[PDB]
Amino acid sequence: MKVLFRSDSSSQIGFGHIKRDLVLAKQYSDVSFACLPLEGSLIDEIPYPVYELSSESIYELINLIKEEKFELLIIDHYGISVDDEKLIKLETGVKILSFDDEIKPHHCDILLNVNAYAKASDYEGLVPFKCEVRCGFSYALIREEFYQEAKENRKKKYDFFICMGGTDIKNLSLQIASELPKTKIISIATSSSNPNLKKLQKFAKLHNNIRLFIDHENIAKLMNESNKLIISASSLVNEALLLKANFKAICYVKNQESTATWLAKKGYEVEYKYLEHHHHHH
């Protein structure tokens, strides 16, 4: 099939949707993306045709599907609703694979929840009658380096690895690093789309126990070189699970609660305080 991904990335949205979509894209031969141009997006990192959307109009997406005759639409977008999915189906007849991370209803032909917590039974009554439900770690979308890395034995170089996802809008990385002993060696990974980058670099430069890695190409290596991870309850969790890492999870935003709950149940430390509004910036 000709496949279209509808997915955004930005400083605000984070990188998780596009990054996992790029792993999924390797499953298909004729791939395109439809993206809004947004500040801090990964559009320049997407090695496929990227249709630039001029608006958030669901009809603009429908027009693109009809005109280019896409046969599979992969939706990985918290802003595309069940009603939007229904409308796409009605107007185009395209097959729809929808990502879900929170246990919400979708009108799709395949429901994909790549998170370890997820069970097909979570979606009873939440999907259409002919929907194939794909849930759990057997459907993890993880970059090759993590598989390559779970094989190698590395010497530990860091006491802690901190990664709050691609962009860390609340600057939790600074707050979290500030709580740790000055004698503990701390790696921090973030991207150049982090809107707190200048402040984080200033902070890091003052503390010789902190090593900041910007736009690092091998997060797996950094994790495997670290004794303990402190990570958001996001894509990083599946990555850490594959590497059998010791980690504490931060429930960054409400959408991460399903993962957070499961991790607590499994005996991992899970921190919820940063959900509170006074932690919106550091």
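Note that residue numbering follows the sequence shown and begins at 1.
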Name the higher of the two by mean Cα B-factor in the PDB entry, 180-188 versus 166-174. 180-188
For the stretches 204-212 and 89-97, which has the higher mean C-alpha B-factor as given in the deposited record? 204-212
Between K156, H107, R143, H77, let me know which has the highest C-alpha B-factor in the entry? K156
Going by the entry, which of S41, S32, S234, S54 has the most elevated CA B factor? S54
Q148's Cα B-factor: lowest, middle or highest third of the chain? highest
Going by the entry, which third of its chain does the Cα temperature factor of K266 land in? highest
Would the CA B-factor of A220 place it in the lowest, middle or highest third of its chain? middle
For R6, return the chain-relative third of its C-alpha B-factor as stated in the PDB record: lowest, middle or highest. lowest
C-alpha B factor of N115, ranked within the chain: lowest, middle or highest third? middle
